[PDB]
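The chain below stands alone, shown as structure tokens; this is the form deposited in one PDB entry.
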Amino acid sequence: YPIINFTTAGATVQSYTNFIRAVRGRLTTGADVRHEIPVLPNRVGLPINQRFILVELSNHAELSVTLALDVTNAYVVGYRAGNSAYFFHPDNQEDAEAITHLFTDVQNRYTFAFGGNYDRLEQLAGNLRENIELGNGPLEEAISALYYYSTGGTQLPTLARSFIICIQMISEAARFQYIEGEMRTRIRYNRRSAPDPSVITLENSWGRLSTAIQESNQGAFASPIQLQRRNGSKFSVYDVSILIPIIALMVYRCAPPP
């Protein structure tokens, strides 16, 4: 599978931007774009040899871990660190079979008894996304935590928090230019901070926004979607137009209308 590399060592806004652009390029094919927004490959009929992409992360501590992402939804399905690989609990038989095609050369394969969804990860981490700092520092530390898990150097709560960090800085950033922007700001000023309401609400609404845009009538939503500003105030989205500068990738829901 295609591999994209990124290192927190000496990371800059430009290196991070190039990385995210590369991830998006491997996630989508360019065959599906609606209202100027690219759509991820339809899972139905997708050959297994095109199902995943690998993101190899390295840090200043000279440690590396490789995340495996599902191209149909940008979900992080597992990772490899040295001679060991860990996968989140598959949601169905199709997915369980699919992951057997990842990291086939690793000596030790493990499948977590829990899923990789935020609700579960936050529960294990003992903290909600709104209380977990993001930035280059948190990412560098998350890479180390993931790397030392197999040897008992990392506790479950810390492992869960580390996944939460990686998922947002890689997958959510790939999904939303807005979130990518927020991560760029953190890198530019070397600051770590938890995601504000605008970030959390976008992450939580990705599925709904994808469906709303795809089922829209010429771009107009049948029912408005509520999002939050940075200060937590609510505002409604009635059209795809206002989201073009915000969302970079959508999960496939249905075929586009004629």
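So that the term is clear: the rigid core is the largest set of C-alpha atoms that superpose within 1.5 Å between two forms. Start at 1 and count along the sequence shown; that's the residue number.
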| item | value |
| --- | --- |
| RMS CA shift, core-fitted in 7 other deposited structures of this protein, bigger for 30-38 or for 55-63 | 30-38 |
| Stretch with the higher entry mean CA B-factor, where the candidates are 205-213 and 188-196 | 188-196 |
| Selected stretch [higher average CA B-factor]: 70-78 or 121-129 | 121-129 |
| Deposited CA B-factor, highest of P41, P38, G232, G219 | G232 |
| Highest recorded Cα temperature factor - choice among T111, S171, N136, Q177 | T111 |
| Chain-wide C-alpha B factor ranking for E94, given as lowest, middle or highest third | highest |
| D105 - Cα temperature factor, lowest/middle/highest third of chain | highest |
| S241 by Cα B-factor - lowest, middle or highest third of the modelled chain | middle |
| Third of the chain's Cα B-factor distribution that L54 belongs to, per the entry | lowest |
| Modelled-residue ranking by C-alpha temperature factor, third containing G152 | highest |
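In what follows, reference is made to the form solved in complex with a small molecule, a form of this protein that is not presented.
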property	result
The small molecule: the contacting residue among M183, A85, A125, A74 in the entry with it bound [heavy atom, 4.5 Å]	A74
Touches the small molecule in the entry with it bound: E203 (any heavy atom, 4.5 Å)	yes
In the entry with it bound, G116 touching the small molecule (heavy atom, 4.5 Å)	yes
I132 within 4.5 Å of the small molecule in the entry with it bound, heavy atoms	no
Partner contact for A160 in the entry with it bound: the small molecule, 4.5 angstroms, heavy atom	no
